[PDB]
>>> print(open('start34.pdb').read())   # PDB, C-alpha atoms
ATOM      1  CA  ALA A  51     128.694 175.571  76.900  1.00  0.00           C
ATOM      2  CA  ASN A  52     129.990 174.305  73.581  1.00  0.00           C
ATOM      3  CA  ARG A  53     133.565 175.193  74.569  1.00  0.00           C
ATOM      4  CA  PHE A  54     133.096 173.308  77.845  1.00  0.00           C
ATOM      5  CA  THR A  55     131.919 170.276  75.876  1.00  0.00           C
ATOM      6  CA  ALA A  56     134.959 170.405  73.609  1.00  0.00           C
ATOM      7  CA  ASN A  57     137.366 170.491  76.534  1.00  0.00           C
ATOM      8  CA  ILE A  58     135.561 167.666  78.323  1.00  0.00           C
ATOM      9  CA  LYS A  59     135.833 165.299  75.363  1.00  0.00           C
ATOM     10  CA  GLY A  60     139.458 166.195  74.724  1.00  0.00           C
ATOM     11  CA  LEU A  61     140.399 165.627  78.352  1.00  0.00           C
ATOM     12  CA  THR A  62     138.694 162.238  78.465  1.00  0.00           C
ATOM     13  CA  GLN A  63     140.555 160.980  75.416  1.00  0.00           C
ATOM     14  CA  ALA A  64     143.778 162.375  76.876  1.00  0.00           C
ATOM     15  CA  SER A  65     143.167 160.289  79.989  1.00  0.00           C
ATOM     16  CA  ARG A  66     142.885 157.266  77.722  1.00  0.00           C
ATOM     17  CA  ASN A  67     146.242 158.273  76.222  1.00  0.00           C
ATOM     18  CA  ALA A  68     147.763 158.300  79.696  1.00  0.00           C
ATOM     19  CA  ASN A  69     146.496 154.771  80.150  1.00  0.00           C
ATOM     20  CA  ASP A  70     148.083 153.757  76.850  1.00  0.00           C
ATOM     21  CA  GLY A  71     151.350 155.080  78.218  1.00  0.00           C
ATOM     22  CA  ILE A  72     151.015 153.204  81.493  1.00  0.00           C
ATOM     23  CA  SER A  73     150.375 150.001  79.550  1.00  0.00           C
ATOM     24  CA  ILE A  74     153.451 150.288  77.335  1.00  0.00           C
ATOM     25  CA  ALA A  75     155.617 151.360  80.268  1.00  0.00           C
ATOM     26  CA  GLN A  76     154.513 148.391  82.340  1.00  0.00           C
ATOM     27  CA  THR A  77     155.290 145.954  79.536  1.00  0.00           C
ATOM     28  CA  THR A  78     158.790 147.425  79.335  1.00  0.00           C
ATOM     29  CA  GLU A  79     159.154 147.120  83.114  1.00  0.00           C
ATOM     30  CA  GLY A  80     158.116 143.484  82.952  1.00  0.00           C
ATOM     31  CA  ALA A  81     160.738 142.664  80.344  1.00  0.00           C
ATOM     32  CA  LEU A  82     163.479 144.535  82.186  1.00  0.00           C
ATOM     33  CA  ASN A  83     162.835 142.565  85.368  1.00  0.00           C
ATOM     34  CA  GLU A  84     163.750 139.354  83.556  1.00  0.00           C
ATOM     35  CA  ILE A  85     166.815 141.015  82.062  1.00  0.00           C
ATOM     36  CA  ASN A  86     167.836 141.900  85.614  1.00  0.00           C
ATOM     37  CA  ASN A  87     167.354 138.376  86.928  1.00  0.00           C
ATOM     38  CA  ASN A  88     169.410 136.908  84.127  1.00  0.00           C
ATOM     39  CA  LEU A  89     172.196 139.416  84.790  1.00  0.00           C
ATOM     40  CA  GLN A  90     172.199 138.461  88.470  1.00  0.00           C
ATOM     41  CA  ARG A  91     172.604 134.785  87.617  1.00  0.00           C
ATOM     42  CA  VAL A  92     175.382 135.675  85.171  1.00  0.00           C
ATOM     43  CA  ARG A  93     177.270 137.533  87.892  1.00  0.00           C
ATOM     44  CA  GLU A  94     176.849 134.470  90.093  1.00  0.00           C
ATOM     45  CA  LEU A  95     178.419 132.285  87.414  1.00  0.00           C
ATOM     46  CA  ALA A  96     181.278 134.713  86.822  1.00  0.00           C
ATOM     47  CA  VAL A  97     181.936 134.542  90.563  1.00  0.00           C
ATOM     48  CA  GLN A  98     182.096 130.764  90.397  1.00  0.00           C
ATOM     49  CA  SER A  99     184.427 130.763  87.415  1.00  0.00           C
TER      50      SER A  99
ATOM     51  CA  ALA B  51     167.736 145.964  96.958  1.00  0.00           C
ATOM     52  CA  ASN B  52     169.000 144.719  93.599  1.00  0.00           C
ATOM     53  CA  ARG B  53     172.596 145.560  94.459  1.00  0.00           C
ATOM     54  CA  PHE B  54     172.176 143.744  97.771  1.00  0.00           C
ATOM     55  CA  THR B  55     170.821 140.711  95.917  1.00  0.00           C
ATOM     56  CA  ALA B  56     173.823 140.702  93.597  1.00  0.00           C
ATOM     57  CA  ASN B  57     176.152 140.913  96.585  1.00  0.00           C
ATOM     58  CA  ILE B  58     174.361 138.079  98.376  1.00  0.00           C
ATOM     59  CA  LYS B  59     174.535 135.690  95.439  1.00  0.00           C
ATOM     60  CA  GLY B  60     178.198 136.476  94.885  1.00  0.00           C
ATOM     61  CA  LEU B  61     179.126 136.004  98.527  1.00  0.00           C
ATOM     62  CA  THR B  62     177.335 132.661  98.750  1.00  0.00           C
ATOM     63  CA  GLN B  63     179.200 131.374  95.720  1.00  0.00           C
ATOM     64  CA  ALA B  64     182.466 132.692  97.142  1.00  0.00           C
ATOM     65  CA  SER B  65     181.888 130.824 100.397  1.00  0.00           C
ATOM     66  CA  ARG B  66     181.590 127.613  98.413  1.00  0.00           C
ATOM     67  CA  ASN B  67     184.795 128.508  96.559  1.00  0.00           C
ATOM     68  CA  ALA B  68     186.575 128.792  99.897  1.00  0.00           C
ATOM     69  CA  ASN B  69     185.304 125.319 100.729  1.00  0.00           C
ATOM     70  CA  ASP B  70     186.976 124.041  97.565  1.00  0.00           C
ATOM     71  CA  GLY B  71     190.223 125.621  98.716  1.00  0.00           C
ATOM     72  CA  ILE B  72     190.015 123.887 102.080  1.00  0.00           C
ATOM     73  CA  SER B  73     189.453 120.553 100.358  1.00  0.00           C
ATOM     74  CA  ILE B  74     192.452 120.814  98.058  1.00  0.00           C
ATOM     75  CA  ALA B  75     194.699 121.878 100.928  1.00  0.00           C
ATOM     76  CA  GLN B  76     193.630 118.817 102.908  1.00  0.00           C
ATOM     77  CA  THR B  77     194.354 116.452 100.021  1.00  0.00           C
ATOM     78  CA  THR B  78     197.836 117.900  99.646  1.00  0.00           C
ATOM     79  CA  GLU B  79     198.532 117.606 103.356  1.00  0.00           C
ATOM     80  CA  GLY B  80     197.523 113.949 103.463  1.00  0.00           C
ATOM     81  CA  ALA B  81     199.920 113.099 100.675  1.00  0.00           C
ATOM     82  CA  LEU B  82     202.672 114.977 102.498  1.00  0.00           C
ATOM     83  CA  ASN B  83     201.973 112.959 105.644  1.00  0.00           C
ATOM     84  CA  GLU B  84     202.513 109.650 103.877  1.00  0.00           C
ATOM     85  CA  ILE B  85     205.754 111.047 102.440  1.00  0.00           C
ATOM     86  CA  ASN B  86     206.851 112.047 105.939  1.00  0.00           C
ATOM     87  CA  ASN B  87     206.332 108.524 107.220  1.00  0.00           C
ATOM     88  CA  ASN B  88     208.483 107.118 104.433  1.00  0.00           C
ATOM     89  CA  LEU B  89     211.260 109.604 105.178  1.00  0.00           C
ATOM     90  CA  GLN B  90     211.210 108.681 108.868  1.00  0.00           C
ATOM     91  CA  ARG B  91     211.679 105.039 107.927  1.00  0.00           C
ATOM     92  CA  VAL B  92     214.559 105.942 105.631  1.00  0.00           C
ATOM     93  CA  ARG B  93     216.336 107.848 108.399  1.00  0.00           C
ATOM     94  CA  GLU B  94     215.958 104.846 110.695  1.00  0.00           C
ATOM     95  CA  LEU B  95     217.524 102.565 108.093  1.00  0.00           C
ATOM     96  CA  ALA B  96     220.311 105.064 107.460  1.00  0.00           C
ATOM     97  CA  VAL B  97     221.181 104.926 111.151  1.00  0.00           C
ATOM     98  CA  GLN B  98     221.195 101.144 111.005  1.00  0.00           C
ATOM     99  CA  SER B  99     223.500 101.184 107.983  1.00  0.00           C
TER     100      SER B  99
END
>>> encode(input="start34.pdb", output="structure tokens")
Amino acid sequence: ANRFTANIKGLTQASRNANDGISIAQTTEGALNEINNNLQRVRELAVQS
Amino acid sequence: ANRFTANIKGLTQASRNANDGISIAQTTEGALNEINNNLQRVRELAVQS
């Protein structure tokens, strides 16, 4: 029973870690979207030039 | 999708570039037409001379 308890607590905190990862990843994704949009507009300008 | 978006923006801008080309060609042609009229008149006078 005590071993079961140990594993349960560890697994729960690990799930929280996974959520930490999803958070950081999504922030990076958000920033990269704007990078992409700017690059698209830059290609448009280069076309005009 | 992103590559399609890039293509679409570029092609739109390029269409407008082609419009610029049409415009400049027309300006040049109009000037040439006035020149042609003058030359016609000069040939007439040459005959008279």
>>> resolve_selection(input="start34.pdb", expression="the PyMOL selection byres ((chain B) within 12 of (chain A))", output="list in words")
residues 52, 53, 54, 55, 56, 57, 58, 59, 60, 61, 62, 63, 64, 65, 66, 67, 68 and 70 of chain B
>>> calpha_fit_rmsd(input="start34.pdb", fixed="chain B", moving="chain A")
0.3 Å
>>> atom_distance(input="start34.pdb", atom1="atom CA of residue B:51", atom2="atom CA of residue A:79")
16.3 Å
>>> atom_distance(input="start34.pdb", atom1="atom CA of residue A:69", atom2="atom CA of residue A:85")
24.6 Å
>>> axis_aligned_box(input="start34.pdb", around="stretch 68-75 of chain A", padding_each_side="5 Å", output="JSON")
{"center_x": 151.1, "center_y": 154.2, "center_z": 79.2, "size_x": 19.1, "size_y": 18.3, "size_z": 14.6}
>>> atom_distance(input="start34.pdb", atom1="atom CA of residue B:71", atom2="atom CA of residue B:83")
18.6 Å
